[PDB]
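Order of the sequence lines fixes the chain letters, A, B, ..., with proteins taken first and strands second; residue numbering starts at 1 for each chain. For ligands, and for the atoms within them, numbers begin at 1 and follow the listed sequence. Any value given below was found using the heavy atoms of this structure, including those in side chains, with hydrogens, waters and symmetry copies removed.
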Amino acid sequence: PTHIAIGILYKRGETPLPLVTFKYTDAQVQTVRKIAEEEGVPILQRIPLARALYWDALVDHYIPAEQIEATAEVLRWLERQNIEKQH
Amino acid sequence: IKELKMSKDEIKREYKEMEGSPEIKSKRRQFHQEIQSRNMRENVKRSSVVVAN
Ligand SMILES: COC(=O)Cc1nc(-c2ccccc2)sc1C
Ligand SMILES: [Cl-]
Ligand code: NA
């Protein structure tokens, strides 16, 4: 592909591990971007991780182990942004 | 006059011909695209974050 967009779900006390919710490529990525902005879902540029999840990740499966370290950084960033935005 | 009658076979043939129509094929594709758009909105709403390249 040229463009990649991958959805990740992680809610502490609900999901024991993070889940892959979607995988889109190319033409569908601009559409995903619009809907994410409209729905208040954060969209982060992580070129190595998006590329890695493109090859390995399966929709409605847990994030693979090969990407959990890189995913945990994104998740810890998202939690820090959430707590800070409450100020 | 003798009453016209479409056989079960004629009805199937006329309908298959209709399914071959460019306008009718286009509407099927359009319907599939609308379900994909709906699914895309639901997939995004179910997510915590989106990672992009
Ligand atoms: C970079 O984070 C770690 O030390 C790795 C790790 N993260 C895990 C995890 C589980 C649930 C949510 C987010 C991360 S399990 C596991 C062995
Ligand atoms: Cl909505
Ligand atoms: Na998908």
Side-chain angles (χ1 to χ4, degrees):
Chain A
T2 317
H3 307 299
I4 304 155
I6 292 162
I8 306 165
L9 167 65
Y10 182 75
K11 272 139 201 175
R12 194 199 82 235
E14 288 188 30
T15 59
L17 306 168
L19 285 153
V20 177
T21 54
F22 68 76
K23 295 177 75 178
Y24 295 109
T25 59
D26 297 331
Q28 293 74 56
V29 181
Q30 61 183 130
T31 318
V32 160
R33 277 203 161 264
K34 263 80 151 188
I35 299 155
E37 286 156 354
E38 284 172 4
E39 294 301 339
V41 180
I43 162 141
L44 280 156
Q45 188 186 68
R46 297 287 186 277
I47 303 167
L49 176 62
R51 298 210 294 206
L53 290 172
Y54 165 75
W55 302 119
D56 296 331
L58 289 167
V59 163
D60 300 335
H61 290 65
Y62 286 130
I63 286 272
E66 294 70 34
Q67 283 90 56
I68 194 62
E69 234 187 312
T71 299
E73 162 270 304
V74 174
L75 296 174
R76 76 179 70 97
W77 181 88
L78 173 81
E79 183 60 22
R80 169 172 281 260
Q81 175 168 85
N82 289 4
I83 291 160
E84 270 150 23
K85 191 131 186 178
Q86 254 132 41
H87 275 238
Chain B
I1 55 157
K2 188 212 182 171
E3 250 186 13
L4 293 182
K5 182 189 174 194
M6 282 132 79
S7 73
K8 290 206 111 250
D9 193 66
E10 285 161 12
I11 287 158
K12 293 194 242 288
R13 286 205 203 147
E14 288 161 14
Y15 187 83
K16 270 225 89 149
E17 286 159 358
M18 262 177 270
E19 296 191 276
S21 161
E23 296 77 22
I24 292 194
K25 284 203 183 82
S26 164
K27 239 63 186 161
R28 198 238 115 231
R29 289 176 181 136
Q30 196 181 322
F31 172 80
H32 181 57
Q33 267 159 242
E34 284 162 355
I35 297 162
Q36 289 179 316
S37 285
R38 196 129 15 153
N39 294 354
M40 178 177 294
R41 187 161 303 269
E42 288 147 12
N43 286 337
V44 166
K45 289 189 85 146
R46 188 179 301 142
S47 307
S48 297
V49 61
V50 187
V51 312
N53 71 338

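- Atom numbering of ligand 1 starts at 1 in the shown order; those under 4.0 Å from a heavy atom of A/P16 are 11 (C).
- A salt bridge is absent between A/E79 and A/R12; no separation between the charged side-chain nitrogens and carboxylate oxygens falls under 4.0 Å.
- Both A/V59 and B/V49 are part of a single hydrophobic cluster, where members link through side-chain heavy atoms under 4.5 Å apart.
- Relative to atom 10 (C) of ligand 1, the option among A/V74, A/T71, A/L17, A/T15 with the closest non-hydrogen atom is A/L17.
- For atom 3 (C) of ligand 1, the protein comes within 4.0 Å by no heavy atom at all.
- Which parts of ligand 1 touch A/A72 is read off a 4.0 Å heavy-atom cut-off, strictly below it: atoms 1 (C), 2 (O).
- Less than 4.0 angstrom separates atom 12 (C) of ligand 1 from at least one non-hydrogen atom of the protein.
- A/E38 and B/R41 are joined by a salt bridge, as a carboxylate oxygen and a charged side-chain nitrogen come within less than 4.0 angstrom of each other.
- Checking B/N53 against A/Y54 by side-chain atom types alone, no donor-acceptor pair falls below 3.5 Å.
- Exactly one residue among A/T21, A/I6, A/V41 makes a side-chain contact (heavy atoms from CB on, under 4.5 Å) with B/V50. That residue is A/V41.
- Look at A/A65 and you'll find every heavy atom at least 4.0 Å from all atoms of ligand 1.
- Taking atom 14 (C) of ligand 1 as the reference point, the nearest protein heavy-atom neighbour is A/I68 CD1, 4.1 Å.
- With a 4.0 Å cut-off on non-hydrogen atoms, A/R12 does not touch ligand 1 at all.
- Applying the 6.0 Å contact sphere to CD of A/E69 captures no more than 12 heavy atoms from other residues, nucleotides or ligands.
- For the pairing with A/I8, the side-chain contact (heavy atoms from CB on, under 4.5 Å) check across A/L19, A/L78, A/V74, A/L53 returns one residue only, A/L53.
- Nearest protein heavy-atom contact of atom 1 (C) of ligand 1 is A/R76 NH2, 3.2 Å.
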